[PDB]
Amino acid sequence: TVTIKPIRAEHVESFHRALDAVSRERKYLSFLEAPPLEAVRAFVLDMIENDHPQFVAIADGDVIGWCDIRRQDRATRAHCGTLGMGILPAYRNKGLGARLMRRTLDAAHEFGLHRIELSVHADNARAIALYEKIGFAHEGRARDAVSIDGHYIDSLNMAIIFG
């Protein structure tokens, strides 16, 4: 049984491990490995401090998924946030990304953001299917935005706007 809850400092080390494992698959995230443990700590505690939406899915006191919205710094952009998420392989395709994504959205809307945006590889059909089901709209395509193994991948930009 999986519990979804706000990330705490207690979770950082296990989160680093989930992130690193998803990055290492090299077909979903913009990173190829997690950032070092120490960068990931500063960031998580930065997020915690500022009350930015950041949820982990926990099974057996281990983080098996995460979903977060980072608010933009820049004053003209501070009504917007950027979503990122990921789930360990065993836990995918069983409705958990939907649940995680609803918690995080509800917290971003509570926080007072107007606009949530994401970027997804054009070949990531399961991520795209989830985002469409949730209500994100396609806003365009960045040609050759990502280079992973000597290969260029497009990224689809998508967005949702709170009513």
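Quick note: we count residues from 1 along the sequence shown, nothing fancier.
A summary of the deposited B-factors shows that, of 140-148 and 6-14, the stretch with the larger mean C-alpha value is 6-14. Stretch comparison (116-124 versus 61-69) by mean CA B-factor in the PDB entry places 61-69 on top.
Residue 129: CA B factor in the lowest third of modelled residues in this chain (values from the PDB entry).
Ranked by Cα temperature factor within the chain, residue 74 sits in the highest third according to the deposited record.
Ranked by Cα temperature factor within the chain, residue 108 sits in the middle third according to the deposited record. Per-chain ranking of the deposited C-alpha B factor places residue 100 in the middle third.
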